[PDB]
There are 4 protein chains.
Amino acid sequence: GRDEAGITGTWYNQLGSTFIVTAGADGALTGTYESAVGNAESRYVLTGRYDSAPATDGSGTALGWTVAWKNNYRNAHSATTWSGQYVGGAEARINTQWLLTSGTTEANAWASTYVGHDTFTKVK
Amino acid sequence: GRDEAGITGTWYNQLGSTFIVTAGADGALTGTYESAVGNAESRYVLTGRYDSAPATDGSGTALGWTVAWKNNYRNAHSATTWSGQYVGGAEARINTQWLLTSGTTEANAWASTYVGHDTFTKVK
Amino acid sequence: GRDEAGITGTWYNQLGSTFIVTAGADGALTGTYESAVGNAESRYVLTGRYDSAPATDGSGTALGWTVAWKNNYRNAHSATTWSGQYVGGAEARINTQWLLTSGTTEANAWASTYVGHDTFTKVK
Amino acid sequence: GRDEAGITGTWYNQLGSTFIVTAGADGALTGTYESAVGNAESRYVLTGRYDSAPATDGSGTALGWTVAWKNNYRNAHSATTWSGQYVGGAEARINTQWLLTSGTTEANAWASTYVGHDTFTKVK
């Protein structure tokens, strides 16, 4: 993948969360997520996909991934998906927007989903 | 997984798209997605996660998945993530909201991401 | 306004909420919103804007509006904005997506904002 | 309004856009918006609402507003709604997420709506 090397490794967001990812030659994203906030402790499994053959016109590299907030420690009955783009270079970034859906009753389903935005960098 | 059997199989959304998914005992989602709309043809790899031990209080089952819109036929330099919940029973549903991010230049990054909502059923 | 007559009046969404709106010749939306759900009772002031000169090519009419969830009965320290389009005809609809932001501390700001989708019709 | 004085005035976002707003004692927002980006030129009318009696616990002030992208110069057949919170103090901010809906045909309605985030400050 063009950005396999660029994407693979450890990222930090503005909240102090840790995203550890391996990008596969085939478009796979695999790794672990550790949230600094919310009903979460330690690492959670993540999986996702990225564009392994992006445009060569200076566009970013589209990608996304999912965490279900269940591990051996806690279950927050929720899942977050991050949708965004990898921008390479000296200050590489992954700029994302995310949706967090909780399991709810039908009565509360209107309030099931949060939306936010996270920016990941290789330092901090 | 409590809804492993309920989630695994073929789903159809309101657009006529086809979502074919296997839920793993461990929270994994693996399969293929075929979009009826947009810059897409044939099947794309998807991966995601679901809550394999949901609440027993009648709440839905949180889940999410990603497609990168690259296959052997086309590359739309984009990725969609669906975030939502599985609601079991006679008329099982997956109710989602999604983010579609395109790879963009810095100049166009403000316009990178669409948001929408898809409802998947086992028929149609 | 091209859809001034079409938009002006009483609308109902899938939750049983009531949206009473007047569209001005100049693009203004003014009225009241009554939510069937959440921390809400009776009517709240709404204001917004619509495209008073839409495309003639069968496209819908872009529009949006805001409710701050404060009235003489309650204050939910939150505001919802609906963004969407009016689609005219026998079964007229306003198809929206919405963002609900709560006032939060800096610590909880990552969880400030819900996202959802409401469809309004002239009946039910 | 508790933050009537804090909110009223000229704001700038990260894109270089200009938001000029008056907050009314009653919860009204009225003003003009000038976008640095997209299919836009000069000022557009905006209207919205804010929580005129926010919590006294250090929480921000919920607010939202709408622009329909029609003025005497251009019509982009679209509307943006910003939903967010005002955070007072030495470096006052309005932290928003936004939905931009275009008028579309029914065929293209799945792609009608962009989502993004803007942060407004009193300088730059």
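Each chain gets a letter, A, B and so on, in the order its sequence line appears, and its residues count up from 1.
- Residues D:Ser59 and C:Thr104 bring no donor and acceptor atom of their side chains to less than 3.5 Å of each other.
- The minimum heavy-atom distance linking D:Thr81 with C:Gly64 is given by the pair CG2-CA, 3.8 Å.
- In this structure, the side chains of C:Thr101 and D:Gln97 stay at 4.5 Å or more apart for every pair of heavy atoms.
- Only the backbone of D:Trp98 comes within less than 4.5 Å of a heavy atom of chain C; no side-chain atom from C-beta onward does.
- No side-chain donor-acceptor contact under 3.5 Å links D:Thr66 to the backbone of C:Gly48.
- Listed for the C:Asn75 side chain is a donor-acceptor partner under 3.5 Å among the backbone atoms of D:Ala53.
- Interface check for chain D: of the options C:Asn95, C:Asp51, C:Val67, the most heavy-atom pairs under 4.5 Å are formed by C:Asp51.
- Counting heavy atoms of neighbouring residues, nucleotides and ligands inside a 6.0 Å radius, atom CZ of C:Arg2 exceeds 12 of them.
- With a 4.5 angstrom heavy-atom cutoff, C:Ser52 touches chain D via backbone and side-chain atoms both.
- Among all heavy-atom pairs drawn from C:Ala79 and D:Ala62, the shortest one is N-CB, 3.7 Å.
- Taking each heavy atom of C:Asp57 and D:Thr105 in turn, the nearest pair found is O-CG2, 4.2 Å.
- For C:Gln85 against D:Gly103, the heavy-atom pair with the smallest separation is OE1-CA, 3.4 Å.
- Between C:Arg49 and D:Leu46, the closest side-chain pair of non-hydrogen atoms is not below 4.5 Å.
- Annotation: maximal heavy-atom pairing with chain C below 4.5 Å, among D:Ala76, D:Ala28, D:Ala55, D:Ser78, occurs at D:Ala55.
- Each of C:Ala68, C:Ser83, C:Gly27 has some count of heavy-atom pairs under 4.5 Å with chain D, and the biggest count is that of C:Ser83.
- If you tally non-hydrogen atom pairs under 4.5 Å between each of C:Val87, C:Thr61, C:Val45 and chain D, the highest count goes to C:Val45.
- For D:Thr96, no part sits under 4.5 Å from any heavy atom of chain C, backbone or side chain.
- Interface with chain D: from residues 111-123 of chain C, residues C:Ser112, C:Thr113 qualify, criterion being any non-hydrogen pair under 4.5 Å.
- Remark: C:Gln14 CD is packed, more than 12 non-hydrogen atoms of other residues, nucleotides or ligands lying under 6.0 Å away.
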